[PDB]
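Report on the structure given below.
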Amino acid sequence: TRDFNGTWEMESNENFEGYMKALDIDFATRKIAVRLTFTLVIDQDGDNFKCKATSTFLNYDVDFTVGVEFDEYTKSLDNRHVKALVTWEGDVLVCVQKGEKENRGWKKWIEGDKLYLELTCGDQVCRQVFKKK
Ligand SMILES: *C/C=C/c1cc2ccc(N(CC)CC)cc2oc1=O
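Terminal number for the sequence shown in the entry's author numbering: 133, no gaps in between.
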């Protein structure tokens with residue numbers, strides 16, 4: 001299924017610390033943020049996505065259309081400009097964020113009935129798993 005709609009509650013978070021370090025997030029924001037549990041609210045209609053990730057300290061909002069390149073200013077994270085593009089590889093949603101970081105982006109898929117989110121920057125990979133509320 002290609003249908004990521006819903007409210008998704010974190011059940012596991014692996015190596016968020018390495019992902020944020022590869023982004024050069026400052027120590028005190030990082031040290032707080034690696035403790036956090038996240039909730040995802042995804043609204044998906046065809047190509048049109050609206051995503052909202054929330055925690056007690058870090059929030060991240062993105063809206064995009066599959067197949068349409070867009071500019072992203074990662075204000076809530078590392079404060080960089082990237083050229084982002086989200087496309088389908090089979091049933092995996094793939095985002096590439098072109099900028100000064102290599103292999104920066106993410107991949108999302110459903111396995112069974114959970115949502116998997118893989119965050120990449122440089123040589124670091126973070127894996128998060130969510131359950132549909
Ligand atoms: C449905 C895909 C949108 C989406 C992708 C995300 C990428 C990165 C992040 N974080 C915080 C965990 C790092 C910047 C969150 C996120 O959530 C989403 O809903």
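C-beta atoms are modelled at their ideal positions from N, C-alpha and C, and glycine is treated no differently.
Residue i, enclosing beta strand (DSSP E) - first and last residue
{"i": "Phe70", "result": "70-73"}
{"i": "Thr39", "result": "39-45"}
{"i": "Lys114", "result": "114-121"}
{"i": "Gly6", "result": "6-14"}
{"i": "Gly67", "result": "Careful: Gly67 lies outside any beta strand (DSSP E) and carries neither H nor E."}
{"i": "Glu89", "result": "81-89"}
{"i": "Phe49", "result": "48-54"}
{"i": "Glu111", "result": "105-111"}
{"i": "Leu93", "result": "92-98"}
{"i": "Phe130", "result": "124-132"}
Rounded distance between the beta-carbons of residue j and residue i, thought under 8 Å
{"i": "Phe130", "j": "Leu36", "result": "Between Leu36 and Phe130 the Cβ distance is about 14 Å, and since that is not below 8 Å, they are no contact."}
{"i": "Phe64", "j": "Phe49", "result": "5 Å"}
{"i": "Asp91", "j": "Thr29", "result": "No, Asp91 and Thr29 are not in contact; Cβ-Cβ is about 34 Å, not under 8 Å."}
{"i": "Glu69", "j": "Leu85", "result": "5 Å"}
{"i": "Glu89", "j": "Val82", "result": "At roughly 19 Å, the Cβ-Cβ gap does not stay under 8 Å, so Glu89 and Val82 are not in contact."}
{"i": "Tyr19", "j": "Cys126", "result": "4 Å"}
{"i": "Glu11", "j": "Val34", "result": "No, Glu11 and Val34 are not in contact; Cβ-Cβ is about 16 Å, not under 8 Å."}
{"i": "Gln44", "j": "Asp78", "result": "Actually they are not in contact, since the Cβ atoms of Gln44 and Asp78 sit about 26 Å apart, beyond 8 Å."}
{"i": "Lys132", "j": "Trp8", "result": "6 Å"}
Cβ pair residue i, residue j closer than 7 Å
{"i": "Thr87", "j": "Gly105", "result": "no"}
{"i": "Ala53", "j": "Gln124", "result": "no"}
{"i": "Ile42", "j": "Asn5", "result": "yes"}
{"i": "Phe57", "j": "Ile32", "result": "yes"}
{"i": "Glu118", "j": "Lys107", "result": "yes"}
First and last residue of the uninterrupted alpha helix (DSSP H) at residue i
{"i": "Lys31", "result": "27-33"}
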